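K.L.:
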Amino acid sequence: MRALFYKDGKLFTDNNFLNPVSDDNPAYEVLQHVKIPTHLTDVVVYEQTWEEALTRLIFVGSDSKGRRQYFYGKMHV
Numbered sequence: 001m002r003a004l005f006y007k008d009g010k011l012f013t014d015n016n017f018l019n020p021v022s023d024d025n026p027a028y029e030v031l032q033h034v035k036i037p038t039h040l041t042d043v044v045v046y047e048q049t050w051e052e053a054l055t056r057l058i059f060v061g062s063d064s065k066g067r068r069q070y071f072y073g074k075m076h077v
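Numbering-wise, the entry's author numbering puts 12 at position 12 of the sequence shown, and it's gapless, one number per residue.
1) When DSSP labels each residue in this structure, what does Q48 get in the three-state scheme?
2) Less than 9 Å separating the beta-carbons of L4 and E47?
3) Could you pull out every residue in the same chain whose Cβ sits closer than 6 Å to the Cβ of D63, ignoring the five residues on either side in sequence?
4) Taking the straight line between their C-alpha atoms, what separation do you get for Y6 and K65?
5) With burial defined as no fewer than 16 other Cβ atoms inside 10 Å of the residue's Cβ, what is the status of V44: buried or exposed?
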């Protein structure tokens, strides 16, 4: 799954946030439903639909200790 970069509600294909993803990107639906904790940095959101996200890994970010924290859908185990 494609790794998208997140910043202030918007999504980008690069980690520097210079190339915006198309406004109809499927992940915007996922973002309407999923809250991204504000303390995380280096947030990666997978390009998939909200339906697909329900049972899968949705996003990953780095906490203040530089450790990666994974976040899964409501119907994931």
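Backbone N, C-alpha and C fix where the C-beta goes; we use that ideal spot for every residue, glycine too.
P.N.:
Inspection of the coordinates gives the following:
1) coil
2) yes
3) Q69
4) 19 Å
5) buried
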